């Protein structure tokens, strides 16, 4: 039957002074609650271990580095992995990754897939970085992702997580059809990730009231056109004076939203998932092999 129960663990705000230990307690509670409701996997938000630090311009590099993980998992996060293995529930965790390679301090906006045995099965590094690189005074709050992270270097992989083929996306990635399609072409049955999406956009404020719409539209369209179940976990609420979007969701291969959060705090939602459901699209209206004419899509891949 190839069935499972997918869950999404939305997070309420994470204060700048909130410790990773405190955040892990909140993550543990949601993972535990999810498991008790039958979930075999739970998706957590992007950069789920800290406040969304890209909203500030840092002058002290040591301060910036404090928001990154140099180990995964480290002693502080270890408990989450142990509980995942115990209860047999995998998860997708987003965090800031700092790794020194060949004399370079590399920083990535990262996410990992952990199976029901508590083992890291795959990693993904955010490829589409939104925002800017330099401080901009006209903004009530910054979004320096291009300053704090370099574009991911692992491409868009699809991993075998227990019985499912899963692909990861991180926040802004969900808005790019290329990210979805590459993973769709790689057979992803589930495409999931998290996000920190302020409901106010300094550059184009006239789209503020469409924040929920644009988020859900991207999730629904991606799922439908690739015949993939999808899930998006947001960190929402008023975090350090910046309102973040909620509406975390789980979407069927038809693009139908099957589960949606309604609060702006830590919230768990679940939905029954039949991996064979993807066939309704992938063996018919979106039977890639039978319908696609790649000879005409060259421009999409031009450098």
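Positions refer to the first chain, counted from 1.
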Quiz item: If you average the Cα B factors in the entry, which is higher, 198 to 206 or 67 to 75?
Solution: 67 to 75
Self-check item: Mean C-alpha B-factor comparison - 84 to 92 and 170 to 178, higher one
Solution: 84 to 92
Self-check item: Candidate residues 130, 103, 184, 222, the one whose C-alpha B factor the record puts highest
Solution: 103
Quiz item: Looking at 252, 62, 249, 244, which has the highest CA B-factor as recorded?
Solution: 62
Exercise. Taking the values exactly as deposited, rank residue 117 by C-alpha B-factor within its chain and report the matching third: lowest, middle or highest.
Key: highest
Practice problem: Using the B-factor values recorded in the entry, state whether the Cα atom of residue 125 falls in the lowest, middle or highest third among the modelled residues of its chain. | Solution: lowest
Self-check item: Assigned third (lowest, middle, highest) for the C-alpha B factor of residue 135
Solution: highest
Quiz item: Should residue 51 be placed in the lowest, middle or highest third of its chain by the C-alpha B factor in the entry?
Solution: highest
Exercise. For residue 260, return the chain-relative third of its C-alpha B-factor as stated in the PDB record: lowest, middle or highest.
Key: lowest
